[PDB]
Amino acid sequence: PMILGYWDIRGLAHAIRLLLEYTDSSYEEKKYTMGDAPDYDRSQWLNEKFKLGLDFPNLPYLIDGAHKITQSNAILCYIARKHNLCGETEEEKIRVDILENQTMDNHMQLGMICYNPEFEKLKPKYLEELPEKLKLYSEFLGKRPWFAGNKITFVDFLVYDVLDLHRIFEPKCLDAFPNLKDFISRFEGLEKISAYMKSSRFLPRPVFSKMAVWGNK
């Protein structure tokens, strides 16, 4: 079956996992354990990084038979294409492309300060700007059931992940955007999504690696 390599954490593999489950894909997981500080030993991965036959060795990676893939968004499109979740109309594809990258940006913005030793200092400013960021997603979604349009796409997994990570960071952050909350309900309401969230496989934390100042555990 398919095999998804990644750290023994949520991180970037989250949306993928969620996607794999929703698509009822058959897959295994090669979770890599990172050593404790101050070393943060990553040999478990490095002693296999270049033996998997990946073109650009990295985490996460996906191995589907002869197909060795890296880069989260690439892995998602790969899985999505097999289930027509990459968009169909012209406008659908545009929205998918924009979000695919937008979420990636917002995700890093968060991860940047969370990995920053001076995290406690930067937090006040980040929170001040967050409402605006969230608002943007709200404006974008509008009265649509999903982000791409009427049909769910892989970007809905990416958007969810981001929004979830934020209700976790600042719980009240979503209160001002009812439609976004409905999105989360609607998303977590999906059959296979709900079932998986209740299974032993569900790994919502640690949000980041051990090197993080926040969500490291």
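Note that residue numbering follows the sequence shown and begins at 1.
task: Look over 29-37 and 159-167 in the entry and identify the one with the greater average Cα temperature factor.
output: Looking at the recorded C-alpha B-factors, 29-37 comes out higher on average.
120-128 versus 100-108 - which carries the larger mean C-alpha B factor in the record: The recorded data point to 120-128.
message: Per the entry's Cα B factor values, which of 46, 52, 62, 152 stands out as the maximum?
response: Highest C-alpha B-factor among the listed options: 152.
query: Which is it among 19, 207, 195, 13: the one with the largest CA B-factor in the entry?
result: Of the options given, 195 has the highest CA B-factor in the PDB entry.
query: Which third of the chain does residue 115 land in by C-alpha B-factor: lowest, middle or highest?
result: Middle third of the chain for residue 115's C-alpha B-factor.
- request: Could you tell me which third, lowest, middle or highest, the C-alpha B-factor of residue 86 occupies within its chain?
  value: Its C-alpha B-factor belongs to the highest third of this chain's values.
- request: State the tercile, meaning the lowest, middle or highest third, of residue 57 with respect to the CA B-factors recorded for its chain.
  value: Lowest third - that is where residue 57 ends up once the chain's C-alpha B-factors are sorted.
task: Place residue 78 in the lowest, middle or highest third of its chain's C-alpha B-factors, as listed in the PDB entry.
output: It falls in the bottom third of the chain.
- prompt: residue 69: which third of its chain by C-alpha temperature factor?
  reply: Bottom third by C-alpha B-factor.
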